[PDB]
> 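Structure provided below as structure tokens; questions to follow.
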Amino acid sequence: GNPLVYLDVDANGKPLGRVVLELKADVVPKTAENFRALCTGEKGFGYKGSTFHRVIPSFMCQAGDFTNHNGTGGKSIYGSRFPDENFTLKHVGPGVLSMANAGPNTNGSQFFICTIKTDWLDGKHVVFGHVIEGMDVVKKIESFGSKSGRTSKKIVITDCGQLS
Ligand SMILES: CSCC[C@H](NC(=O)NCc1ccc(N)cc1)C(=O)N1CCC[C@@H]1c1ccccc1SC
């Protein structure tokens with residue numbers, strides 16, 4: 001079946017809880033595998049210890065820049081960047097998990113969790129999963145964002161891994 005992975009999140013050192021994500025390996029196997037392996041840290045690098053660096057209320061929460069911590073960095077398990085696999089899944093509503101990018105075919109490790117339907121991103125960002133449990137945690141993260149994307153607390157992925 002499709003992998004289940006988790007992110008445990010703190011804000012200013014206080015635990016917020018766990019977000020559990022289903023990765024749609026049935027539809028986007030290459031994109032799902034990249035995220036799965038970055039969660040386990042099995043290639044020697046990954047998301048553990050990195051931050052949600054850009055959070056915009058009523059839009060999305062963005063994370064995954066584990067090299068530069070500012071939205072310029074990250075890398076995939078395949079190389080620095082990899083192509084857009086497909087655009088089959090859509091940004092249907094809150095809880096969608098999608099790849100951040102710097103234009104066509106520039107996927108690395110940065111990702112976002114939507115807090116609304118972001119249909120204008122369909123065909124531009126590769127959707128590859130959804131939140132199974134922990135939308136309450138995502139809403140807490142959202143509450144620490146701002147229009148500029150700057151967070152009012154330091155939001156850290158303290159642990160992550162694979163459940164099944
Ligand atoms: C129009 S701004 C460029 C798109 C933007 N990119 C980045 O935040 N960071 C650049 C980046 C660099 C390397 C990699 N691998 C991934 C992303 C991005 O992926 N996203 C995901 C949702 C939040 C943000 C975004 C998308 C569309 C419109 C606005 C925004 S944020 C104001």
Side-chain angles (χ1 to χ4, degrees), residues 5 7 9 11 16 19 21-25 27-53 55-123 125-131 134-135 137-146 148-149 151-157 160:
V5 297
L7 308 174
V9 186
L16 295 183
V19 184
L21 302 157
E22 175 178 354
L23 308 180
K24 297 284 292 160
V27 180
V28 277
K30 296 173 178 137
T31 306
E33 173 63 10
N34 180 61
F35 193 91
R36 187 201 65 74
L38 294 171
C39 285
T40 65
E42 67 195 61
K43 307 293 192 144
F45 54 89
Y47 298 130
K48 186 173 187 162
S50 69
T51 69
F52 281 78
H53 68 273
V55 179
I56 297 170
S58 303
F59 179 22
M60 60 83 230
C61 309
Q62 186 177 344
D65 184 353
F66 57 80
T67 63
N68 295 341
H69 312 279
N70 66 6
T72 62
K75 58 184 175 180
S76 83
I77 65 170
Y78 308 119
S80 69
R81 301 295 180 255
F82 68 105
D84 296 319
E85 187 169 12
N86 63 60
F87 298 109
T88 300
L89 294 164
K90 309 304 179 191
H91 296 83
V92 297
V96 166
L97 175 65
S98 187
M99 291 301 289
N101 66 49
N105 304 306
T106 58
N107 301 288
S109 57
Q110 290 186 55
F111 65 94
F112 59 102
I113 302 170
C114 300
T115 60
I116 62 158
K117 180 171 178 172
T118 61
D119 61 351
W120 71 93
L121 303 179
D122 288 349
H125 296 267
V126 177
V127 175
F128 67 101
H130 78 275
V131 172
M135 275 308 301
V137 178
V138 174
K139 296 292 285 178
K140 287 182 208 171
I141 295 166
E142 186 187 26
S143 79
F144 309 136
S146 65
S148 71
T151 56
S152 60
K153 306 192 172 197
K154 188 180 184 185
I155 309 299
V156 174
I157 298 165
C160 47

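Just so you know, residue 1 is the first one in the sequence shown, and it goes up from there. Every number for a ligand or one of its atoms is a count from 1 in the order of the listing.
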> Considering only NZ, NE, NH1 and NH2 on the basic side and carboxylate oxygens on the acidic side, decide whether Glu33 and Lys30 come within less than 4.0 Å.
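A salt bridge is absent here (no side-chain N lies under 4.0 Å from a carboxylate O).
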
> Among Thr72, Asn101, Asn68, which residue places a heavy atom closest to atom 18 (C) of ligand 1?
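When every heavy atom of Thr72, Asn101, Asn68 is considered, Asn101 comes closest to atom 18 (C) of ligand 1.
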
> For ligand 1, which atoms have a heavy atom of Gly71 less than 4.0 angstrom away?
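In order of number, 9 (N), 10 (C), 11 (C), 12 (C).
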
> Need the ligand 1 atom indices (1-based, order shown) with element for anything under 4.0 Å from a heavy-atom of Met60.
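Answer, ordered by atom number: 22 (C), 23 (C).
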
> Just going by heavy-atom distances, which of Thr118, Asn107, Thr106 is nearest to atom 14 (C) of ligand 1?
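Checking each option, the heavy atom nearest atom 14 (C) of ligand 1 is found in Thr106.
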
> Mind checking whether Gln62 has an N or O less than 3.5 Å away from an N or O of ligand 1?
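It does: an N or O of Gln62 is found under 3.5 Å from an N or O of ligand 1.
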
> Backbone, side chain, both or neither: what part of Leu121 comes under 4.0 angstrom of ligand 1, heavy atoms only?
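It is the side chain that gets close, since no backbone atom is under 4.0 Å.
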
> Side-chain contact, heavy-atom cut-off 4.5 Å: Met99 with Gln110?
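The answer is no, as the side chains (C-beta and beyond) never meet within the 4.5 Å cut-off.
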
> For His91 and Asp122, which I'm curious about, is there any donor-acceptor pair between the side chains at under 3.5 Å?
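On atom types as modelled, these side chains qualify, holding a pair under 3.5 Å.
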
> Does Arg81 have a non-hydrogen atom less than 4.0 Å from ligand 1?
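In this structure, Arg81 qualifies as a contact of ligand 1 - some heavy atom is under 4.0 Å.
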
> For the pair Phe66 and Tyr47, name the ring-plane relationship: parallel under 30°, tilted 30 to 60°, perpendicular over 60°.
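Correct class here is perpendicular.
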
> Against heavy atoms of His125, which atoms of ligand 1 measure under 4.0 Å?
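In order of numbering, the contacting atoms are 18 (C), 19 (O).
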
> Would you find a donor on one side and an acceptor on the other, under 3.5 Å apart, between the side chain of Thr151 and the backbone of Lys154?
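Checked: no pair found.
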
> For atom 25 (C) of ligand 1, which candidate among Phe111, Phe59, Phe112 provides the closest heavy atom?
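Looking at heavy atoms only, the winner is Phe59.
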
> Using a 3.5 Å distance criterion without hydrogens, assess whether the side chain of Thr67 forms a donor-acceptor pair with backbone atoms of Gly74.
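At least one qualifying donor-acceptor pair exists.
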
> Among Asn101, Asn107, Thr31, whose side-chain hydrogen bond (donor to acceptor under 3.5 Å, both in side chains) with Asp84 holds?
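For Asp84, the side-chain hydrogen bond (donor to acceptor under 3.5 Å, both in side chains) test succeeds with only one of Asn101, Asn107, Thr31, which is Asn107.
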
